[PDB]
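Starting off, we have a lone chain in the form deposited in one PDB entry, written out as structure tokens.
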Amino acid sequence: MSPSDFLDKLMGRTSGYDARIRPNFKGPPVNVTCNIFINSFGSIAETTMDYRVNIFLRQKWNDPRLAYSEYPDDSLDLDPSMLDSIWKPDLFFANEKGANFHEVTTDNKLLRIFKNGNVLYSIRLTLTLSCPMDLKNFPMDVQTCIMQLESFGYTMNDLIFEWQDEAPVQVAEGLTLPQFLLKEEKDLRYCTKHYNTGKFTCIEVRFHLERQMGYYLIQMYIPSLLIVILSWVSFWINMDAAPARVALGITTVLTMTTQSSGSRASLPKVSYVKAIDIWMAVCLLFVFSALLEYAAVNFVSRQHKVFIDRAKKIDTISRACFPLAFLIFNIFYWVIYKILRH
């Protein structure tokens, strides 16, 4: 029979379907099964404490009032324009800060109804979600980004969200991030929100992201080591080259301070000490100690042969003492940051 007649016959004023009434108005709660497909992930900014995602959201529920038997086809696709005339759950994202649909040529929405009355709804969304981040162990850190799906208006007597037993989250093939590695394990847990207005269903997903070290090594760790070695070079210069040694010390100190200030150019103003901060503090301490060493040598050398050998002995000791202590610090730093991290 004519396709146009069946649609309004089923969902029209003649039938009596009301899209403001739940499938079972007084009865067991509606059970909604959800799965998400991630099409792109990125735009993770520490400063604005947020990340941007683009996902496909699928919802499944049973509506006994939409059961159709007469029509031959087992499964019926429909038109996106008729979504307004069916009941839909009022899902919202609790941690969302921005959202929008897509209307690129048409509404990016799908609807499918089965003979038994099952409904499949798929929609394309773009979300900016908030993610609290811990910045300790900042270079060698693992973050967790959550996404919470909640009901705004229906209590647990009416609506109950659940996860699909197989394949709740799948990621698009070939998706990669410049600064992070997305772990394949996703944690599916139950959250329930309590307010003065009642109890509301909630579901959550946790994503594990590991930062990549190559950029930080090429950028910060290696120039600091170069400045430390440059300061070490001064121990092999003649003690009579006072302007040269003093200029080298001052330049190294100022460069170290500038790099330390610039290492936090793209981070939130946190109030604790990070690993990069410990590293820069130790390197600045070494450079300053080298300058103080030459200062002591110069003070000793003008006290007039006993004073000559004593000042030379300081230079010889510092030539084999500064690299050894820095090597010990590097061993202690890199190990414990592969132990405290885990």
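Quick note: we count residues from 1 along the sequence shown, nothing fancier.
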Between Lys26 and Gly27, the number of deposited residues left without coordinates comes to none
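If you look for the form deposited in another entry, you will not find it shown, but the lines that follow are about it.
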From the candidates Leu230, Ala244, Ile123, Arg211, the hinge of the rigid-body rotation between this form and the one not shown falls at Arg211
Under comparison with the form shown, the C-alpha atoms of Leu267 and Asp50 in the other entry shift by 3 angstroms or more, placing them farther
